[PDB]
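Have a look at the structure below before the remarks.
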Amino acid sequence: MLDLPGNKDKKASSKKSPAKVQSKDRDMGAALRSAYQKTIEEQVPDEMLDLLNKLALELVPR
Amino acid sequence: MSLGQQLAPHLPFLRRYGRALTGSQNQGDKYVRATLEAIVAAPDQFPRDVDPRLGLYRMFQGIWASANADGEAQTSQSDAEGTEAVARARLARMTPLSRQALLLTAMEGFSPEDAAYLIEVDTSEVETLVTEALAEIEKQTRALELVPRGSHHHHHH
């Protein structure tokens with residue numbers, strides 16, 4: 001008395017598909033995004049990375 | 001090379017919405033700088049391998065959540081008339097977190113799974129938070145009027 005396989009199954013496809021993000025929150029998402037895109041159309045500080053100039057970018061001559 | 005090449009290109013993103021999560025430039029400037037100083041002694045707590053932006057937001061909200069938990073902060077506000085007061089003057093009744101889920105799923109396209117990790121809830125809870133957010137949007141977009149009435153009677157007065 002014994003048995004053996006003869007079939008199989010899966011739950012994935014190792015693949016991906018496109019999407020949409022303008023038919024689930026309408027233009028309201030672009031309204032908020034545009035108001036704060038303006039916040040990125042400008043310069044940035046650097047004093048925060050100067051806090052790294054004492055632990056990840058130090059140097060000494062000679 | 002170094003953290004700066006993964007901090008600088010996302011450095012202003014903490015003010016890209018911090019300007020409306022506390023309503024003050026003095027608070028927004030000290031939160032981003034206090035977020036960095038809180039990592040000068042624990043850079044292992046600031047990974048970016050999950051996403052180049054998911055780690056930036058986790059540490060910034062950590063300082064903010066510690067501020068209102070000690071009275072060092074209060075509810076948000078605005079100082080403009082068409083770029084942050086617009087997000088207040090029309091949504092002054094949305095809960096303090098569905099507004100974060102809104103900027104997390106209508107401005108960033110991120111999945112609900114990592115968006116749930118960004119507010120420490122389950123995936124299905126983010127789905128509810130955005131469903132209630134868009135419901136309060138489509139209902140009014142500016143709350144121009146209200147009418148709680150709908151019925152009457154004429155045999156008791």
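To be explicit about the labels: the chains of the structure tokens are called A, B, and onward in the order shown, and within each one the residues are counted from 1, while ligands get numbers from 1 in the order they are shown.
Residues of chain B having any atom within 8 Å of chain A, counting only C-alpha atoms, are residues 2, 4, 8, 11, 12, 13, 15, 16, 17, 33, 36, 37, 40, 83, 84, 87, 102, 103, 106, 107, 109 and 134 of chain B.
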Go ahead and save the picked residues with C-alpha atoms, as a PDB file, in the first residue's frame.
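What landed in again-v8.pdb:
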ATOM      1  CA  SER B   2      27.490  58.286   4.004  1.00  0.00           C
ATOM      2  CA  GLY B   4      23.984  62.537   3.585  1.00  0.00           C
ATOM      3  CA  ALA B   8      19.755  65.537   1.632  1.00  0.00           C
ATOM      4  CA  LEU B  11      15.594  66.655   3.803  1.00  0.00           C
ATOM      5  CA  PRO B  12      12.769  69.133   2.937  1.00  0.00           C
ATOM      6  CA  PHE B  13      10.150  66.338   2.831  1.00  0.00           C
ATOM      7  CA  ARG B  15       8.622  70.273   6.092  1.00  0.00           C
ATOM      8  CA  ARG B  16       6.647  69.319   2.948  1.00  0.00           C
ATOM      9  CA  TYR B  17       3.911  68.353   5.436  1.00  0.00           C
ATOM     10  CA  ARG B  33      16.850  69.314  13.634  1.00  0.00           C
ATOM     11  CA  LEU B  36      18.714  64.383  13.422  1.00  0.00           C
ATOM     12  CA  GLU B  37      20.292  65.022  16.845  1.00  0.00           C
ATOM     13  CA  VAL B  40      23.719  61.341  16.180  1.00  0.00           C
ATOM     14  CA  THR B  83      -1.520  76.694   0.550  1.00  0.00           C
ATOM     15  CA  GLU B  84      -1.979  75.378   4.117  1.00  0.00           C
ATOM     16  CA  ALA B  87      -6.103  72.294   4.181  1.00  0.00           C
ATOM     17  CA  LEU B 102      -4.667  61.241   3.194  1.00  0.00           C
ATOM     18  CA  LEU B 103      -1.197  62.686   2.498  1.00  0.00           C
ATOM     19  CA  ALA B 106      -3.185  60.561  -2.270  1.00  0.00           C
ATOM     20  CA  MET B 107       0.256  62.249  -2.480  1.00  0.00           C
ATOM     21  CA  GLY B 109       1.136  56.341  -3.921  1.00  0.00           C
ATOM     22  CA  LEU B 134     -12.627  60.782   1.098  1.00  0.00           C
TER      23      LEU B 134
END
Which polymer residues have any atom within 10 Å of an atom of region 119-125 of chain B, counting only C-alpha atoms, with same-chain residues fewer than 3 positions away left out, as number ranges by chain?
B: 58, 61, 97, 100-101, 111-116, 128-131
For a quick check of understanding, using only C-alpha atoms, which of B:35, B:98, B:27, B:22 has the smallest distance to residue 76 (chain B)?
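Closest to residue 76 (chain B), using only C-alpha atoms: B:22.
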Go ahead and compute the interatomic distance for CA of residue 19 (chain B) and CA of residue 53 (chain B), in Å to one decimal.
17.4 Å
Counting only C-alpha atoms, what is within 8 Å of region 136-149 of chain B, bar same-chain residues fewer than 3 positions away, as a VMD selection string?
chain B and resid 89 to 91 94 132 to 133
Close residues, residue 14 (chain B) itself excluded, 9 Å, only C-alpha atoms, min 5 positions apart in chain, as a list in words:
residues 19, 28, 31, 32, 56, 57 and 60 of chain B
Go ahead and save the picked residues with C-alpha atoms, as a PDB file, in the first residue's frame.
ATOM      1  CA  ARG B  19       4.222  72.956   7.851  1.00  0.00           C
ATOM      2  CA  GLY B  28       8.889  72.654  11.946  1.00  0.00           C
ATOM      3  CA  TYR B  31      11.492  69.112  14.805  1.00  0.00           C
ATOM      4  CA  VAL B  32      13.677  68.270  11.786  1.00  0.00           C
ATOM      5  CA  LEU B  56      12.585  59.877   7.082  1.00  0.00           C
ATOM      6  CA  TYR B  57       8.921  60.005   8.119  1.00  0.00           C
ATOM      7  CA  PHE B  60      10.217  62.910  12.261  1.00  0.00           C
TER       8      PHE B  60
END
Based on DSSP run over this structure's backbone, return all residues of chain B in helix (DSSP H, G or I), as a PyMOL selection string.
chain B and resi 3-6+8-14+18-20+25-37+43-45+54-67+98-102+112-117+123-138
Between CA of residue 60 (chain A) and CA of residue 10 (chain B), distance in Å (one decimal)
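Computing the Euclidean distance for CA of residue 60 (chain A) and CA of residue 10 (chain B) yields 29.8 Å.
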